[PDB]
Amino acid sequence: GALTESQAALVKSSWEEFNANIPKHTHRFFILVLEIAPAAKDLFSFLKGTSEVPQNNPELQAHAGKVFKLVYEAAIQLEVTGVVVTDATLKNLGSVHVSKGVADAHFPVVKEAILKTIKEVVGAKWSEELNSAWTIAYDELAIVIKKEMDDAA
Ligand code: HEM
C-alpha cells in the first residue's frame with residue numbers, strides 16, 4: 001500500500017538474512033544484473049575488464065551491500081514518516097550516477113536483480129507481500145534519486 005508495519009518487518013527481516021552472507025548474496029546480485037542486461041557490465045568499475053563476476057572482491061561487496069542497505073532504510077523511512085527524505089547523500093548519489101552514465105532506463109534492471117536476489121535469500125519464506133514491500137521501497141527511492149540526477153544533468 002504505502003508500507004505497513006508488517007511490510008517493514010519483512011523488509012528488515014529479509015535484509016538481515018541478506019547481510020548474513022554478503023559474499024554470496026552480493027556476487028549473486030551482479031550475476032542477475034548481467035543476466036538481465038549484459039551491456040551493464042561496463043558501467044561498473046570493479047567488473048570492467050573481468051570475464052566473470054569476482055567472488056571475493058571487497059569493492060563489489062561494499063558497493064552491492066550499500067545499495068541493499070539504502071533500499072531497506074528507504075522502506076523503514078516510508079513506514080515511519082510516509083515519505084523518503086532527500087538529504088546530501090541522495091543528492092550526492094544523483095551526481096555520481098550522472099557521472100557514471102546511468103539513465104532513467106537503467107532503474108528497472110537493478111530493480112529486478114534485487115527482487116530476484118531477495119527471493120533466493122529467503123527461499124521458502126518468500127511471499128507476495130515481501131515482494132511488494134521491496135518493490136515499493138525501490139520505486140520510492142529511485143524517484144528521489146532520479147530527480148537528483150535530472151538536476152545534476
Ligand atoms: C535506488 C536504486 C539505486 C541505489 C540505492 C544506488 C546506490 C548506489 C550507491 C550507494 C553507489 C555508490 C555511491 C558512492 O559512494 O559513490 C552507487 C554507485 C553506482 N551505481 Fe547505483 N544505485 C541505484 C541504481 C543504479 C542503477 C540503475 C545503475 C545502473 C545500472 C547504477 C549504477 C551504478 C554505478 C555504475 C555506480 C558506480 C560504482 C563504481 O563504479 O564503483 N545504480 N549506486
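Residue numbers for the sequence shown follow the authors' numbering, beginning at 1 and rising by one.
From the three backbone atoms N, C-alpha and C, an ideal C-beta is built for every residue, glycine too.
The stretch 18 to 31 in contact with the stretch 144 to 151 per 3-pair CB rule at 8 Å: no
For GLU52, three-class secondary structure by DSSP: Taking the first residue of the sequence shown as position 1, residue 52 is located at position 52. The answer is coil: DSSP assigns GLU52 none of H, G, I, E or B.
Cα-Cα separation between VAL96 and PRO108, rounded to whole angstroms: Start at 1 with the first residue of the sequence shown, and residue 96 comes out as number 96. Start at 1 with the first residue of the sequence shown, and residue 108 comes out as number 108. Answer to the nearest angstrom: the Cα atoms are 18 Å apart.
Cβ contact check for the stretch 66 to 83 and the stretch 2 to 21: 3 or more pairs under 8 Å: yes
Backbone CA spacing between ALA9 and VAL80 [nearest angstrom]: For this step, residue 9 is matched to residue 9 along the sequence shown. For this step, residue 80 is matched to residue 80 along the sequence shown. Cα-Cα distance, rounded: 12 Å.
Residue range of the alpha helix (DSSP H) that includes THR135: Your numbering for residue 135 matches position 135 in the sequence shown. From DSSP, the alpha helix (DSSP H) with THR135 extends over 128 to 150.
Distance CB(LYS116)-CB(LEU43) smaller than 8 Å: Against the sequence shown, residue 116 aligns to sequence position 116. Against the sequence shown, residue 43 aligns to sequence position 43. No.
Cβ-based neighbour list, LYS119, same chain, cut-off 6 Å, excluding 5 preceding and 5 following: Residue mapping note: residue 119 aligns to position 119 of the sequence shown, counting from 1. The answer, listed in chain order, is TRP126.
Reduced DSSP secondary structure (H/G/I, E/B, other) of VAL84: Position 84 of the sequence shown holds residue 84. If DSSP states are grouped into helix, strand and coil, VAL84 belongs with coil.
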